[PDB]
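The chain below stands alone, shown as structure tokens; this is the form deposited in one PDB entry.
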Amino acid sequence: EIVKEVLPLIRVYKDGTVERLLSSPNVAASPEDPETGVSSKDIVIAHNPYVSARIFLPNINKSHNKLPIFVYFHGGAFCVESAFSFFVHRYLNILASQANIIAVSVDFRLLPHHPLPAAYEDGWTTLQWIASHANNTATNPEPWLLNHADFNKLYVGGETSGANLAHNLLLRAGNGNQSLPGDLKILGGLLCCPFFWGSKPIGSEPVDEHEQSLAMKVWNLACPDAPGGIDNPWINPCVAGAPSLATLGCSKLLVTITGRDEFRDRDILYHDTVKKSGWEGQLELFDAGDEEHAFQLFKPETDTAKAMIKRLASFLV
């Protein structure tokens, strides 16, 4: 019997058995991906609360220099998708090889059982875990990080809800009484169609249906206790009295948008607010074209997807 529902994404029963939308099944890590040459391993970042990940290492054809790290958070409205899906595996294989970087695909906790800020906390745990490698305080070090990772080139990002998550990580890092082990800094933020919303319809957003929007339902499930509801700074970063976007804790920031994404105008407002917030870094915007959310993961062979991957490659640098 049904306790919660946010169709088409998720159904939760009295017993805590959950039906989720599943856009692709999980695939296994690979010693060497046939198409891209990227190696992957599944590792435990933390046992409790349980946080795992897949790490991606491109072909090591030269080893003069160490590689940028890209910590990636999948989308799925905080309640579906996976760090290990066919789509994410194949996508990060492409990115890792094209950009020549190490990728970390984070399997953070999801609704219904873990409301925000659980996912936020898991991302922070991930970053601490990475930074403890750099100052030699990691109890169970990943050799790939010790051997191939350039810790001065840490990038953090994702799609939609995952990009929202990265954004909140940036704010935490830019907070004064917050530090990573060894006071490690984040180089860059990559936010691809980030999930942001608000109580008032803006731009091309439908006016009357706004109260019934899927975003309202998703936010209520992810964080019902949130003060201000859909206007809480976690979901609406441009809301009055939110932390200033001048405190984003990186030095380069690329915001990615698309034509058919429901978050287009929110994303556009967000970038523009960062621009006039006083933030000091390299701020960039990329309009990926007439596409949906995350189109490049689904159709990586299109000219538009290839153009996006190329653009990202020149950013993750």
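Numbers follow the displayed sequence, beginning with 1.
Separately, the form solved in complex with a small molecule exists; it is not shown, and the next lines address it.
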**Asked** Given that the small molecule is left out here, which of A215, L221, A99, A83 has a heavy atom within 4.5 Å of it in the entry with it bound?
**Response** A215
**Fill in**
Of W279, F286, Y270, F263, the only residue with a heavy atom within 4.5 Å of the small molecule in the entry with it bound is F263
**Heavy atom contact within 4.5 Å of the small molecule in the entry with it bound, the stretch among 225-233, 112-120, 129-137, 70-78** = 70-78
**Asked** For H293, is any heavy atom within 4.5 Å of the small molecule in the entry with it bound, or not?
**Response** yes
**Item:** Partner contact for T160 in the entry with it bound: the small molecule, 4.5 angstroms, heavy atom
**Value:** yes
